[PDB]
Amino acid sequence: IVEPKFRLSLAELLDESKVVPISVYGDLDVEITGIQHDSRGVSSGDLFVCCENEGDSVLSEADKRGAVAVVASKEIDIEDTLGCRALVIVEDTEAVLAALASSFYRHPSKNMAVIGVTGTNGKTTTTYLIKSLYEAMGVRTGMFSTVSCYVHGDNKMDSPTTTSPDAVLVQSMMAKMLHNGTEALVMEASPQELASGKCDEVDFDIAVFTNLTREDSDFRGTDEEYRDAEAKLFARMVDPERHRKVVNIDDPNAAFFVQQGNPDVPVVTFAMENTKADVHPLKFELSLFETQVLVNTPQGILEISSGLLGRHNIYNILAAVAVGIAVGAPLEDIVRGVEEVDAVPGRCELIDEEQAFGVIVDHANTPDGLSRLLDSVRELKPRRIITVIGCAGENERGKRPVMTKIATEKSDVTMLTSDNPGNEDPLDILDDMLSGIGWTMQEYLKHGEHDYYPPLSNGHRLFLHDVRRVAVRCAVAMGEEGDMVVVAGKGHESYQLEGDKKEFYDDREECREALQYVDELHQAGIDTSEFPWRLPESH
Amino acid sequence: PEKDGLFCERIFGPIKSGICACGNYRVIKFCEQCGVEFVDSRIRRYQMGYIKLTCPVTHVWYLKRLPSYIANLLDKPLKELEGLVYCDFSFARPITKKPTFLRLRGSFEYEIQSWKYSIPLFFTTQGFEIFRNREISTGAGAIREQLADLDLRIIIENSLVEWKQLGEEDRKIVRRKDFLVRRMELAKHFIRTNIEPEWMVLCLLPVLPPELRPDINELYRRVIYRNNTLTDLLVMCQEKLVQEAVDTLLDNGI
Amino acid sequence: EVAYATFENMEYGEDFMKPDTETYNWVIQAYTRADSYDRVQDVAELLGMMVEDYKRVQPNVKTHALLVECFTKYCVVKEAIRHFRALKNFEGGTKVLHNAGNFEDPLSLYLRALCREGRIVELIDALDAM
Amino acid sequence: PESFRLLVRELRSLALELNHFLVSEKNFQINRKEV
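Each value, and the rule that gives it
- Residues numbered from 1 in each chain as written, not as in the entry; some residues may be left out.
- Chains lettered and ligands numbered in written order.
- Part of a larger assembly, values for the part shown.
- Heavy atoms only, no water.
- Residues with missing side-chain atoms left out of burial classes, pairs and counts.
- Helix = DSSP H or I, 4+ residues; strand = E, 2+ residues; numbered from the N terminus.
- Rg over C-alpha atoms; globule rule 2.2 N^0.38 Å.
- Buried < 20%, exposed > 50% of the residue type's maximum accessible area, 1.4 Å probe, protein only.
- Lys, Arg positive; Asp, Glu negative; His and termini not counted.
- Charge placed at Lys NZ, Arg CZ, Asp CG, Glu CD.
- Areas by Shrake-Rupley, 256 points an atom, 1.4 Å probe, with all protein chains shown as cover.
- Contact = heavy atoms within 4.5 Å.
- Nonpolar A, V, L, I, M, F, W, Y, C, P; charged D, E, K, R; others polar.
- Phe/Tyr/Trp six-rings, centres within 6.5 Å; stacked < 30°, edge-to-face > 60°.
- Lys NZ or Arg CZ within 6 Å of the ring centre and 35° of its normal.
- Salt bridge = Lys/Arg side-chain N within 4 Å of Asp/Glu carboxyl O.
- Polar contact = N/O pair within 3.5 Å; in protein donor to acceptor, adjacent residues only side chain to side chain.
- Core = buried A, V, L, I, M, F, W, Y, C linked by side-chain atoms within 4.5 Å.
- Pairing = 2+ DSSP bridges.
- Expected span 1.5 Å × (residues − 1).

cryo-EM is the method the PDB entry lists for this structure, together with a resolution of 2.49 Å.

If you want it as structure tokens, here you go:
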């Protein structure tokens, strides 16, 4: 991947961005080769933007790393503490930050087709499906997702491990795709990013609305503010000739979004249950390994066989179909693009190694995320559900008993383990989890001495192990014909934080490697139906 | 005196009062070139050293001198406990305060077949080593895990109820009763003192000051030699050689 | 051992130095609140020495409260019950045993030990005294 | 005394410590003698 080079003077950058400074000090002709807001990422020749929440030590760090000009909301004594050649004072640094990044990178979003997907659920899988849909038509398509970032095809970018990319970063990578030949792009438009104004300078072409449910406890706002934040993307649907709208009409809110923006913009409706939608399924079949759906579209009917699981993924397929319908895509490109996508990482990702039970890895780490995930697995009609779940340490202490009660009431077998202990002892977190069903670590360990763990009041089984690698692989070894093993918590994350070091750990690899070697364990006489294992030489 | 040896002047002090290893003299704190403390040479009569054992070894006083203290505290016959130290045995489920998932228990004279190939391969070797010494262990280290994990208050209650049951009910009942009284007496003393029962297994070996060993030196050499050999390999046969040598140094003729 | 050396000075001294009831209470209290080692045998031998001195020495409220506290701590419950019965007849009684909640609250330990051993009839009689 | 100081070191070789404490009869403070 080729790194673009940008060179703009400070005077030109302000003039292009239309930012009116309160006061300017130093030299306005200083050449700027980069823009940064985090001091640890500032390089020599970069323009530093100081947010209101970063103190005086941050400014020195940016200056030490070679910042040549600084933008901040408050007056700073340049003459004795800063070696920077210029300083810009603005009323609001956060609002100006988006404008500065877009002007510096020359508004790359104006040279591509930008498709923004907003909603509480389905943003990542729909973004993965739509990118494949555009690629099936031969368009070099990039992607901005919570999981991954691509320039086009399989060319993965080394994305920083930040759940919400900043406004500078979004503009920075977006121009990189342009320099490398990207023609279209699909980005997730999360409510937090839309509310924060990070995506304010993105020229969206098509806005897709999936659904809205109050799930994100991280959102610092009311339900109306959460709803209006997503409406920002639909508010920009102004040009009828260029812009398109795709809405899920099963949501009661959907009417609110359709009224947003220019009412003359074309709208394509998709629904699983409402047959009044333009794009809707006629019949579908769900199994542990695949879904098959017959979808009625304004241009005809389509047959789709997808590796994605659950009925919530049918909506994501329909949204990709409707977006293909909206752009007038060839029906055959719609089917090929959808069927090409097999596993978006960490989103109910099926781990297939030609075995008789399904293994899915998901990022669900909340009581309501786990409840929704286990209800989607149950509708696939497995014989048993085996869930591997843990809780993060030093934070979110209130969900520990809650997630155990949910797992034990919806899963036939539950295996508690460690998700991210940090500096907390893993057996202390597991004691907090055990309290949600009336158990304690001491009682569980007593049952281990008698080599027998009794079931719960509902007849389900609970097992425990503080080593995640052991607990994940032991749960795969408990799988039988027609079961489902759900490894929740981490999803696509590739680190297990113990103490302070972020040891490399991938849940997908552990499930993949356990499936390979489960055969030799069973022919060696080991009975792994439950805890404890029965070796041939044990009685 | 050889550097870092049994007579080293880093560890035990100068052999000449006020004279360092390099020969620099001062009137009676550490030399910059060698590190000798400029003190009286009499400190070699009182300065201790120690040997860092790669593998823990049981103290021969508390294992072999009948009646055995470790065997009485663990309620295991010295025969089944001596093979864990000097024979090719292995003890399953040494600990009870951490999760386990195998139905093994007790002393295994042979080796578990599946534990050799299938289990290490299924969990990978790097991931297997983390929880390996929690399902089945071997050597004196296994004994130390049992001692460290003992619930001394459970021992007293279990011994008392078993003692009373035998009373309700000829050379074995009386002998078993004396065993139970000794065990509960032993547990009580640990509770009310600051002595930990796991200290009966040595992790470090204190070394006598050189002036008191101007036999013992050769015994120290053997312990260091085998202990240095064992850390180069990192086996069970070498652990026995280290453990046996420490037994010879501490108490021969046992 | 510091207090016991002084007690031996008195017990085997002249007549004007002989222990009184307060002297026995101090030495008993020293052993009951010892930091380490088992002291229940020392207390029980001191009690036997005090009983052998009955023609000259008689107990008071503190003697029984200390003895209830000692036997409860070492879980010699049947002996703590005998001395609690004598403690009931003394005015103040259980308040002295409570020690204002200090020294691990000997009043509560006596009640807990009665509950743990199913001596409920004794436990109710203890509550009446309180 | 050299007879007793040498004894302490030989006992230390067997992982035993032999400490000599003086308890003051005046203020009951415990002093560990340099042995």
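## Re the overall build of chain B
In terms of regular secondary structure, chain B is built from eleven helices and five strands. Taking 2.2 N^0.38 as the reference for a compact globule, 254 residues should give roughly 18 Å; the C-alpha atoms of chain B span a radius of gyration of 23 Å, well beyond that estimate. The 254 residues of chain B split such that 46% are buried. Of the side-chain charges in chain B, 38 are positive and 34 negative, and the distance between the mean point of each set is 2 Å.

## Some remarks on the overall build of chain C
Within chain C, the secondary structure is distributed over eight helices and zero strands. The linear arrangement of helices and strands in chain C, starting from the amino end, is α-α-α-α-α-α-α-α. Its C-alpha atoms give chain C a radius of gyration of 15 Å, near enough to 14 Å, the size a compact globule of 130 residues would have. Counting only C-alpha atoms, chain C reaches 45 × 30 × 25 Å along its principal axes. Counting over 130 residues, chain C shows a buried share of 38%. In the structure as shown, chain C presents an accessible area of about 7700 Å², 53% of it carried by carbon and sulfur atoms. Distance from the positive charge centre (15 side chains) to the negative charge centre (22 side chains) of chain C: 6 Å.

## Re the interface of chain B and chain A
Much of the literature gives interface size as the accessible area that the parts lose upon coming together. Every contact between the two is made by 26 residues of chain B and, on the other side, 31 residues of chain A. Within the residue set of the side of chain B that touches chain A, elements represented by two or more residues are α5 (118–123) and α6 (125–135) of chain B. Here the element with the most residues in the side of chain B that touches chain A is α5(B); it accounts for five residues. Of the residues contributing to the side of chain B that touches chain A, the split by class is 13 nonpolar, seven polar and six charged.

## Concerning unusual backbone geometry
Across the junction of A:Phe531 and A:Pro532, the peptide omega takes the value -5°, indicating a cis bond. Cis geometry marks the peptide bond from B:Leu66 to B:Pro67; its omega dihedral reads -5°. Within the secondary structure, B:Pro67 is located in the loop between α2 (60–64) and α3 (69–74). For B:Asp4, which is not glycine, the phi torsion reads 60° and is therefore positive. Take B:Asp4: it is sitting in the segment before α1 (9–12). The class for B:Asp4 is exposed, based on a relative accessible area of 59%. Even without being a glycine, C:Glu104 presents a positive backbone phi close to 65°.

## Remarks on the packing of aromatic side chains
Here the structure, examined in full by the defined rule, presents 26 aromatic pairs over all chains. Judged by centre distance (5.3 Å) and plane angle (40°), the ring pair of A:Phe463 and A:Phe531 falls under tilted. Placement of the pair is A:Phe463 in strand β22 (residues 461–464) and A:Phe531 in the segment after α17 (507–523), with a sequence separation of 68 residues. Across this residue pair, the class does not change: A:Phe463 and A:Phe531 are buried. Consider the rings of C:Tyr4 and C:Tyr31, whose centres lie 6.1 Å apart with planes at 75°: the pair is edge-to-face. Of this pair, C:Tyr4 sits in helix α1 (residues 2–11) while C:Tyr31 sits in helix α2 (residues 21–32); the two residues are 27 residues apart in sequence, bridging distant segments of the chain. Grouped by ring-pair contacts, the aromatic residues A:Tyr444, A:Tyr453, A:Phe463, A:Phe531, A:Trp533, B:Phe101, B:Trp115, B:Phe122, B:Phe123, B:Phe128 and B:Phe131 constitute a single cluster. Above the plane of the ring of A:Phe256 lies A:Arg227, whose end atom (NZ or CZ) is 5.0 Å from the centre. The side chain of B:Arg213 reaches across the aromatic face of B:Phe7, ending 5.0 Å from its centre.

## Description of the interface of chain B and chain D
In this complex, chain B contributes 13 residues to the contact, which on the side of chain D involves ten residues. At the boundary of chain B and chain D, one finds zero salt bridges. Counting every contact that joins chain B to chain D gives three residue pairs in polar contact. Elements with a contribution of two residues or more to the side of chain B that touches chain D: α2 and β5 (201–207) of chain B. Taken together, the residues of the side of chain B that touches chain D break down into eleven nonpolar, one polar and one charged.

## Section: the nonpolar core
A:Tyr444, A:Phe531, A:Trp533, B:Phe101 and B:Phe123 are the most contacted members of the largest nonpolar core, which totals 77 residues. The element best represented in this core is helix α16 (residues 468–477) of chain A, accounting for seven residues. Not counting residues within four places of it along the chain, the set of residues in contact with A:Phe531 comprises A:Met415, A:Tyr444, A:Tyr453, A:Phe463, A:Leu464, A:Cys474, A:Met478 and B:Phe101.

## Quick look at the sheet that holds strand β19 (residues 358–361) of chain A
Strand pairing in a sheet takes place through backbone hydrogen bonds and is either antiparallel or parallel in direction. Residue and element names in this part refer to chain A. Taking strand neighbours across the sheet as the criterion, the six strands line up as β18-β19-β23-β20-β21-β22 in an open arrangement whose pairing is mixed. Bordering the open sheet on either side are β18 (349–350) and β22, each of which pairs with just one other strand. Both strand β20 (residues 385–392) and strand β23 (residues 484–487) contribute to a ladder of four bridges, which runs parallel. Bridging from a neighbouring strand, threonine 387 pairs with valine 486 of β23.

## Topic: helix α8 (residues 223–235) of chain A
The terminal C-alpha atoms of α8(A), which comprises 13 residues, lie 18 Å apart, in line with the 18 Å expected from a rise of 1.5 Å per residue. Check the buried side of α8(A) and you find it contacts β8 (113–118), α7 (191–196), β12 (206–209), β13 (244–248) and α9 (254–259) of chain A.

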